[PDB]
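**Q** Chains as they are written, first to last, in this note's numbering: chain A, 23 to 126; chain B, 66 to 407; chain C, 3 to 237; chain D, -18 to 85; chain E, 229 to 491. Beta carbons are placed, not taken as given, at the ideal position from N, Cα and C, and that holds for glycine. My questions will all concern the structure given below.
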Amino acid sequence: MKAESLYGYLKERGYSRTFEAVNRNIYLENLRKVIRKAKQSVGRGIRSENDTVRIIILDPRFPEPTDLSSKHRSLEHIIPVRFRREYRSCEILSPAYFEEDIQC
Amino acid sequence: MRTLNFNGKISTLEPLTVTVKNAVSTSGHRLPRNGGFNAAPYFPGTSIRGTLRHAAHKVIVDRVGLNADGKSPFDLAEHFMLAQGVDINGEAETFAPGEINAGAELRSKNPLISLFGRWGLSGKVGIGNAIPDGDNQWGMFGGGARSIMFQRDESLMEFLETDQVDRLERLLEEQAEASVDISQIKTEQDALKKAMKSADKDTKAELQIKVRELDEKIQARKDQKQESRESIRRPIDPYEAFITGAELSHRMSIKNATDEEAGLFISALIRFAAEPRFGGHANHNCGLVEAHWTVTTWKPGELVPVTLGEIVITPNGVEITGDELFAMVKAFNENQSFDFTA
Amino acid sequence: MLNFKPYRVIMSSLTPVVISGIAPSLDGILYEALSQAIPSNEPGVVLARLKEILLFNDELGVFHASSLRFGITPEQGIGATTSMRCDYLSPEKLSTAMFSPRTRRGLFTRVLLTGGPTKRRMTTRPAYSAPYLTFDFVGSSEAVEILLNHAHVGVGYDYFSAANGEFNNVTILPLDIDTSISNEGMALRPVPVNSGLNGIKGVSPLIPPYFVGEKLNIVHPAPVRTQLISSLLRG
Amino acid sequence: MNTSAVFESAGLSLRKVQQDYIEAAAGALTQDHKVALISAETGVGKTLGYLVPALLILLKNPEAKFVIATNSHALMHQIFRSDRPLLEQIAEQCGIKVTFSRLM
Amino acid sequence: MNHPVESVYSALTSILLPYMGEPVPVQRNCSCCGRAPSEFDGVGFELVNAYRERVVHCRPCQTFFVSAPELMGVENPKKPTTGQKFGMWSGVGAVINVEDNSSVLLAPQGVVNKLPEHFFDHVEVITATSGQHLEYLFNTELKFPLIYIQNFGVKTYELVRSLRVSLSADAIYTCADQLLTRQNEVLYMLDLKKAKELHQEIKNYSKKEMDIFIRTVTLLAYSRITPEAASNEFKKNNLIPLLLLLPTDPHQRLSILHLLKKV
DNA sequence: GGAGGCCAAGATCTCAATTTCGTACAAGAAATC
Ligand SMILES: [Zn+2]
């Protein structure tokens, strides 16, 4: 209904964007709210310079380091820039089969 | 001299489609995809660049106006120089190859040839592609069937005189029998394409020419129709477009910019907003777009973008924002020393 | 003059990349980006300012900016696509409102689009459509990231005009070993012949822009190089 | 100016991020009628980050005030508990004082 | 003197040197090749094409625009007095030996019919369509350096300024009247040595394995099958050694596949 | 009588077929207009 009612807003204010467009805009806004909230969650981890936190993200949808085209790639921004190297080198609980594909 | 990056979104008002020979195949009309069918389509930056070059050419034509005789001052040579940068009469300044910043006189006198280059003079406008933001923002739009008008509306038969009603009857008969004949020939053709897969190369020297002679027989049968060369009851193939209300990320840039060139570009955008159409299939109103471009420039020396304004093209109007963009437009409107002829 | 780190930049290729014989070097992309960022086309000053964001090998005369190498994922691979630029002489273009056709008895001489200097030029170029484009370079991540994200630069031929090889989602990851110039004696970018690095012989200037300056003999990598994206993100 | 030192005259474990925050915040606050957007990840001493520009900017035209709106009871508690020592200590060098308030 | 168009002229089109006329001393670069008059010795042929432009062509370049029906036969019966022109031939190729100054003309059967018997005396002609050029190159012992005009085509200007000498079997420049930009020389580069070794190692693989390999590589090069699927197919069919011999470039792969399935 | 323009003719050929699906919550403070 936020998408529908916002579409009503844009329709009556004269802006021409279809309802699915407003759905997409609302989805992106919510996903950015999710990114901010998860950034807050990870910020709970480290508060003092001596803090050591083992963050376990058990969601399957958190983008893998190798999956740069993953749908929720923006969630990779949750990890602070400084700790992105350990994000790249991170232990995967349930990874997805890779191979040695000769066409490398 | 400022590099103006128009970073912005194109929201699609009616489906945005483009026909590119490589993308389109026998399997159907598909958008340029940069990979397999599962890849993400992109609207070419070439189509947008050509559309905006046409818009700028029209702006130049209007600003120049018409002669006392009511004919555009541009001849075919000048028209093709401004429109597609091809010198037809071989009379153009063949700038030496190794000076990058060559043609400053032509760039000053001709801002259209400055923004969009000619052959041998690098253009200043790099118009990037409209990349979709989402995952399901394309679709097989169009599609349908060219229905025989008189088999849908019977009332239209009351207008046909009997000497034309029998002509219609003959046309339908010929269409039907020619179409079952072409169907049989196509069935033989696809059976042969199945047989190609068991190729031993003894038959293949004959099979492809056999296929070609079957296509020739198809063309002969189509020619045999006395009353209508092409079947009217055609199922229209769908064309792949970007969905209505698709948010496509668009990056356009002008390189180092005299106020006049940037003003001409902004005027071209203002004239394109009259008919904001990208791509073809204009019969289905395809291509109608509204786009908000944040005009950023680079700080002198520093590597940081400063936002000079916004170009919001919408059906309700063009909202040029920022005093500097207005200054560029005013500079282009003034400085009437431009000599687009040759 | 600034502290420079080995970085590997991986970006999503959005349009097919057209390679002008020699693989596009990241130093050429950065030279174009700087030419846009400092609104001046003089090669000398743009080069002088490129050294401040890229390491420059003085004894070798090249920038520490590896050539293009396609990152191919198990789902999408290096593909052969054609970058097609075609004249569209529309009816509105072909109209008296924009120009005065030469007249004969009140009939307008149609433009001979079939052939001749006024033809519908159907220029087809080979292009390579890989999911990812990768470069390696020894430089400041901040400046190159800003340039690649906001400067209107793509990978390949004439990104301004044809919009070839546009990229987004530029990701920089620091490397442990400098893999910009050399890797197990295999040249990863245009390097002079005398450097002792092996590869493919060619003629091109060592430093950008690669279309001005004497074309001296150089050894350059295979124009189309492919690596698994997993192997590239391993570091 | 005392701004250059603050953490080296009064004495605090300055990081590069902290001085960057102080300079950027002060420059922002100089701009009139504008809105300054700063993301400051946990570890930058945000409290100090915006309280140091307040005290140094007070030097010129010392009738200025800086309302600090903090959402949570707990954020408010920890920040003010930590800043009552700190900002006083720091201002002791320039000679300025702290009319700390306790609005709620 | 030392240019691709001079070499092709000397080897192949000097047979129609009697049908030229005395050139006219000129001072502006040949519009066809584009080279400077400094290497024309100051001479040239002035000419007007079907688009009414004053064009200078040089001794080697003007040979592509000559009408010698008595020698090159009648190309279009509707216009008897204008014979086949090298610059107007489509589907007709040539392999010119620069060292030996000899040429072999790979013309299709139609052109061979149109050629008079007098023509074969000066030039050896092998009946071959545009698809049969590659088998000729494969089977014949090519002598290098050589100029391989794949398709004389209709764009004589782009053909002459696209001519490139093939110095060795590593790199054969297939000139097809299409402007040989550095961006599109991959489509006109034939790695005959690498294709030959690949064909040699194709014998070790069954006909079914050969078809599967060809189709998998073609689909991959057109990005129709995922790399993981192609790797699975190669591993299951033991095709790794063949893939190791293919260039990473997909257009090179497609060219070499065309070359394999042509021979 | 020369100069534009419209139209027909010219060699065979090179290649590959996806099979739809996002996202599923909590509470900070309050003289609210
Ligand atoms: Zn010439």
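Residues around ligand 1, please: the condition is that the C-beta lies closer than 5 Å to some non-hydrogen atom of it.
**A** E:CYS258, E:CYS260, E:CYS261, E:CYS286 and E:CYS289
**Q** Is E:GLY338 near ligand 2 - that is, is its Cβ less than 7 Å away from at least one heavy atom of it?
**A** Ligand 2 is not part of the structure shown, which contains ligand 1 as its ligands.
**Q** List the residues of chain E that A:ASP81 touches, going by C-beta distances under 9 Å, in chain order.
**A** Within the first sequence, residue 81 of chain A is the residue found at index 59, counting from 1. Here the premise fails: no neighbours, minimum Cβ distance about 25 Å.
**Q** Taking Cβ positions, are C:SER233 and A:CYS112 nearer each other than 8 Å?
**A** Here the question's residue 233 of chain C lines up with position 231 in the third sequence. Here the question's residue 112 of chain A lines up with position 90 in the first sequence. Contact: no.
**Q** From E:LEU374 to E:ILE324, what does the alpha carbon distance come to, in whole angstroms?
**A** Counting from 1 along the fifth sequence, the entry for residue 374 of chain E is found at position 146. Counting from 1 along the fifth sequence, the entry for residue 324 of chain E is found at position 96. The alpha-carbon atoms of E:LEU374 and E:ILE324 are separated by roughly 5 Å.
**Q** Does DSSP put E:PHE268 in a helix, in a strand, or in coil?
**A** Here residue 268 of chain E is taken as the residue at index 40 of the fifth sequence, counted from 1. Note: E:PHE268 maps to coil in three-state DSSP.
**Q** Where does the unbroken beta strand (DSSP E) through B:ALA327 begin, and where does it stop?
**A** Reading the second sequence from its first residue, position 262 is the one you call residue 327 of chain B. Note, B:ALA327: premise wrong, no beta strand (DSSP E); alpha helix (DSSP H) at 324 to 337.
**Q** Counting only runs of 3+ residues fully inside the stretch 321 to 351 of chain E, write out the beta strand (DSSP E) ranges in chain order.
**A** Taken in chain order, the unbroken stretches of beta strand (DSSP E) that lie wholly in the stretch 321 to 351 of chain E and span 3 residues or more are 321 to 325 and 330 to 335.
**Q** According to DSSP, is E:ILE375 helix, strand or coil?
**A** Position 147 of the fifth sequence, counted from the start, is the residue given in the question as residue 375 of chain E. Strand at E:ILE375.
**Q** For the stretch 96 to 166 of chain B, which segments carrying the alpha helix (DSSP H) assignment without a break, of at least 4 residues, lie completely within its bounds, in sequence order?
**A** As far as the stretch 96 to 166 of chain B is concerned, its whole alpha helix (DSSP H) runs of at least 4 residues are 110 to 129 and 141 to 149.
**Q** Secondary structure at B:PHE181, three-state DSSP: helix, strand or coil?
**A** As a position in the second sequence, residue 181 of chain B is number 116, starting the count at 1. DSSP places B:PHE181 in coil when its eight states are reduced to three.
**Q** My guess is that A:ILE100 and A:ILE57 are in contact by the Cβ rule of under 8 Å, so how many angstroms apart are they, rounded?
**A** For the purposes of this step, residue 100 of chain A is identified with residue 78 of the first sequence, where counting begins at 1. For the purposes of this step, residue 57 of chain A is identified with residue 35 of the first sequence, where counting begins at 1. Indeed they touch by this definition, with Cβ atoms about 6 Å apart.
**Q** Below 8 Å on the Cβ atoms is my contact criterion, and I expect E:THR291 with E:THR241 to pass it. Report the Cβ-Cβ distance as a whole number of Å.
**A** The residue labelled residue 291 of chain E in the question sits at position 63 within the fifth sequence. The residue labelled residue 241 of chain E in the question sits at position 13 within the fifth sequence. The Cβ separation is near 4 Å, so the contact holds.
**Q** Could you run through the stretch 129 to 141 of chain C and flag, in chain order, every residue whose CB is less than 7 Å away from some CB of chain A?
**A** The stretch 129 to 141 of chain C vs chain A, Cβ under 7 Å: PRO133 and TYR134.
**Q** Does chain D have any CB closer than 8 Å to the CB of residue 9 of chain A?
**A** Chain A is shown only over 23 to 126; residue 9 of chain A falls outside these bounds and no answer can be derived.
**Q** E:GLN360 bridges to which residues according to DSSP?
**A** As a working note, residue 360 of chain E is residue 132 in the fifth sequence. For E:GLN360, which the question treats as bridged, DSSP gives no partner whatsoever.
**Q** Given a threshold of 16 other Cβ atoms within 10 Å of its Cβ, counted over all protein chains shown, does B:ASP388 qualify as buried or as exposed?
**A** The count along the second sequence starts at 1 and reaches residue 388 of chain B at position 323. Its Cβ having fewer than 16 others within 10 Å, B:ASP388 is exposed.
**Q** Do you know whose CA, among B:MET205, B:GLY345 and B:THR77, lies nearest B:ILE301's CA?
**A** Walking along the second sequence from the start, residue 301 of chain B turns up at place 236. Per the Cα distances, B:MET205.
**Q** Kindly indicate if chain B contains any beta-carbon less than 8 Å away from that of E:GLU413.
**A** For the purposes of this step, residue 413 of chain E is taken as the residue at position 185 of the fifth sequence. Chain B contact via Cβ: absent.
**Q** Taking Cβ positions, are B:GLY150 and B:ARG183 nearer each other than 8 Å?
**A** Taking the second sequence and counting its residues from 1, one reaches residue 150 of chain B at position 85. Taking the second sequence and counting its residues from 1, one reaches residue 183 of chain B at position 118. The answer is yes: Cβ separation under 8 Å.
**Q** Do C:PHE110 and C:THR98 come within 8 Å of each other at the CB atom, strictly closer than that value?
**A** Translated into positions along the third sequence, residue 98 of chain C becomes position 96. Translated into positions along the third sequence, residue 110 of chain C becomes position 108. Result yes, Cβ atoms of C:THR98 and C:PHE110 sit closer than 8 Å.
**Q** What residue range is occupied by the uninterrupted alpha helix (DSSP H) comprising A:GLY30?
**A** By 1-based counting over the first sequence, the position of residue 30 of chain A is 8. Per DSSP, A:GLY30 belongs to the alpha helix (DSSP H) from 24 to 34.
**Q** If you run the structure through DSSP and keep just helix, strand and coil, what is E:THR309?
**A** Walking along the fifth sequence from the start, residue 309 of chain E turns up at place 81. In this structure, E:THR309 counts as coil in the three-state DSSP scheme.
**Q** Would you mind working out which of C:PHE65, C:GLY117, C:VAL140 and C:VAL47 sits nearest C:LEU208, comparing C-alpha positions?
**A** Sequence index remark: in the third sequence, residue 208 of chain C carries index 206 (1-based). Of C:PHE65, C:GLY117, C:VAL140 and C:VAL47, the residue nearest in Cα terms is C:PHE65.
**Q** Per DSSP, what kind of secondary structure is B:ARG277 in: helix, strand or coil?
**A** As a first step, residue 277 of chain B must be located in the second sequence, where it is residue number 212. In this structure, B:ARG277 counts as helix in the three-state DSSP scheme.
**Q** Does the separation of the CB atoms of E:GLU386 and E:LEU407 fall below 8 Å?
**A** Counted from its first residue, the fifth sequence places residue 386 of chain E at position 158. Counted from its first residue, the fifth sequence places residue 407 of chain E at position 179. Taking 8 Å as the Cβ cut-off, E:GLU386 and E:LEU407 qualify as a contacting pair.
**Q** Who pairs with B:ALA195 in a beta bridge, going by DSSP?
**A** Within the second sequence, numbered from 1, the residue matching residue 195 of chain B stands at position 130. Paired residue(s): B:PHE108 and B:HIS315.
**Q** Give me the Cβ distance between C:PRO8 and C:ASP180, rounded to the nearest whole Å; I'm assuming they're in contact under 8 Å.
**A** Looking up residue 8 of chain C in the third sequence gives position 6. Looking up residue 180 of chain C in the third sequence gives position 178. Contact holds; Cβ gap of about 5 Å.
**Q** I'd like to know whether the C-beta of E:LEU448 is nearer than 8 Å to at least one C-beta of chain A.
**A** Against the fifth sequence, residue 448 of chain E aligns to sequence position 220. Among the residues facing chain A, E:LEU448 is included, as its CB has a counterpart in that chain under 8 Å away.
**Q** Report the neighbours of E:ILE468 on chain A: residues whose CB is nearer than 9 Å to its CB, in chain order.
**A** Mapped onto the fifth sequence, residue 468 of chain E falls at position 240. The contacting residues are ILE124.
**Q** Run the CB neighbour count on B:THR159, radius 10 Å, all protein chains shown included, and call it buried at 16 or more, exposed below.
**A** One-based indexing of the second sequence puts residue 159 of chain B at position 94. By the neighbour-count rule (16 or more Cβ atoms within 10 Å), B:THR159 is not buried but exposed.
**Q** Can a CB atom of chain E be found closer than 8 Å to the CB of B:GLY155?
**A** Within the second sequence, residue 155 of chain B is the residue found at index 90, counting from 1. B:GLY155 counts as touching chain E.
**Q** Once DSSP output is grouped into helix, strand and coil, what is the label at D:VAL33?
**A** One-based indexing of the fourth sequence puts residue 33 of chain D at position 52. It is helical.
**Q** List the residues that DSSP assigns as beta-bridge partners of D:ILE71.
**A** Numbered from its first residue, the fourth sequence carries residue 71 of chain D at position 90. The partner list for D:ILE71 (beta bridge, DSSP) is empty, contrary to what the question assumes.
**Q** For A:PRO117, which of A:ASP123, A:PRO85, A:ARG95 and A:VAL103 has the nearest alpha-carbon?
**A** Along the first sequence, read from residue 1 onward, the residue named residue 117 of chain A stands at position 95. Per the Cα distances, A:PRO85.
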